[PDB]
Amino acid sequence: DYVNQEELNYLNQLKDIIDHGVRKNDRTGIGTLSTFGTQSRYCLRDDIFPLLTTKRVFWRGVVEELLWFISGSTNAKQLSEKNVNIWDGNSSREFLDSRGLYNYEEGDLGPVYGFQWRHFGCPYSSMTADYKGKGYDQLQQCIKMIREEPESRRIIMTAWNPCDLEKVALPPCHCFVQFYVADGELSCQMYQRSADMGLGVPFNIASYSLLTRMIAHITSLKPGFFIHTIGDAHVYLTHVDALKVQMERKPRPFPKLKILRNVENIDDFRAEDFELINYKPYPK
């Protein structure tokens, strides 16, 4: 009798939102059921990797998006050319015009995650400019702090710059990240302002857990926990029936994740460096 306690908690969180969450409208007039303020822990020990089993997660998308974020790119065509189309809808001529971004060419999302991570505070012009050496490279500064002052309680990476809100196709959801080191293990906490529990959360858990493994590898630490903290945790009313069905499913054990190469630095990671062992989701 194996119990995947972490995935069960996630299912219980869906149930609680479904049964007791408050009705709320989203910014398109569509309805959700919502709660405010949740926190969930995922153990990364023994290579165990919290990819959800009760509905298949788009792992190839998680990996490629993340390596794209780390590169500092803001051009969704660079993802799309790798057959990952998740940012295509928010970088169309038409969507960009609806955001008032008339001078962005198709693919230009403005200064979204990767730009904030690697170039915080640099003025944005477009996705083709070279920003190398410009702004604050928070990602490298976090890595330096991990290696040089692991006790530090200031190991932070922010994606939230209100001065950039009018320049972005959409405002960041995964807003704030902190790292922590104790007893030779690296942990990460991420703060997510708004989380769709059905479609967003599972992919989010996987991106940050994978970032945690990456950083622990190139800082010579063992992985500890990923902590996910949410502001508005919600499910869309139109999803409620499908999620009820998912909730009848019995979670299976999490896969494991190995890193296959001695990677030089955070910018040297390649998709083939990661091996996902025994991922066995139900459909979807």
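Just count from 1 along the sequence shown to find any residue number.
Annotation for 229-237 versus 38-46: the higher mean temperature factor (C-alpha) is found in 38-46. In this entry, 82-90 shows the higher mean Cα temperature factor of the pair 173-181 and 82-90. Per-chain ranking of the deposited C-alpha B factor places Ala216 in the middle third. Per the deposited record, the Cα B-factor of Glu65 falls in the lowest third when ranked against the other modelled residues of its chain.
Per the PDB record, residue ranking by Cα B-factor puts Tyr104 in the middle third of the chain. In the deposited entry, the Cα temperature factor of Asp130 places it in the middle third of its chain's modelled residues.
Ranked by Cα temperature factor within the chain, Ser187 sits in the middle third according to the deposited record.
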